[PDB]
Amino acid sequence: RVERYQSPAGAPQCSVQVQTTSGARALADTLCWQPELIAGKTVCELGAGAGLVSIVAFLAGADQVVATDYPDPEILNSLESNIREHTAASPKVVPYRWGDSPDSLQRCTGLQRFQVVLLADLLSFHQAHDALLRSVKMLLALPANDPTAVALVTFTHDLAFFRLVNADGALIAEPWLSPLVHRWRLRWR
């Protein structure tokens, strides 16, 4: 089942066709309107799924996109097949289980941490909220080096994930942009 995507009218502009096995569209939409969010930044996508946001991230001029999903051949292969089919410093596709030390991911890509971290539609399964939090804590660039470091979290209409973040006082979870599907933001401090 091929889902087709193209950016909205009046955006600083490409159509994407991907094999499949919502807030992804929303996070994408944002990236086209505000490419300067990720222009020249290092980007890591958690649960990249079909690969839409990572492809857009690339087309927006990130200096590295590391798209990740669960270590499953079926999903990774097509993730890569989709990402490659729209790439002519190519993005890397790396397996990563939420909560795992990122040593191997940092081995494969050369990056320790990331300036932008993208989380489209990962919020439905609650029992994973903790591992997601810890993942962001481990993957997001530390303020010492990058003060403008950010994790962009988008989801489709609970907010308990963000409750979980703030209770754990390391990161801080704030709303970020108006709803289309909601858009939030994680950050240090």
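Throughout, we count residues from 1 along the sequence that is shown.
The stretch of deposited sequence separating residue 180 from residue 181 contains 10 or more residues lacking coordinates in this entry. Where residue 12 is followed by residue 13 in the displayed chain, the model omits 1 to 3 of the deposited residues that sit between the two. Comparing the deposited coordinates for 89-97 and 114-122, the stretch with the larger average C-alpha B-factor is 114-122.
Higher average CA B factor: 27-35, of the stretches 27-35 and 124-132.
Sorting the modelled residues of the chain by their CA temperature factor places residue 154 in the highest third.
When the modelled residues of the chain are ordered by their C-alpha B factor, residue 165 lands in the lowest third.
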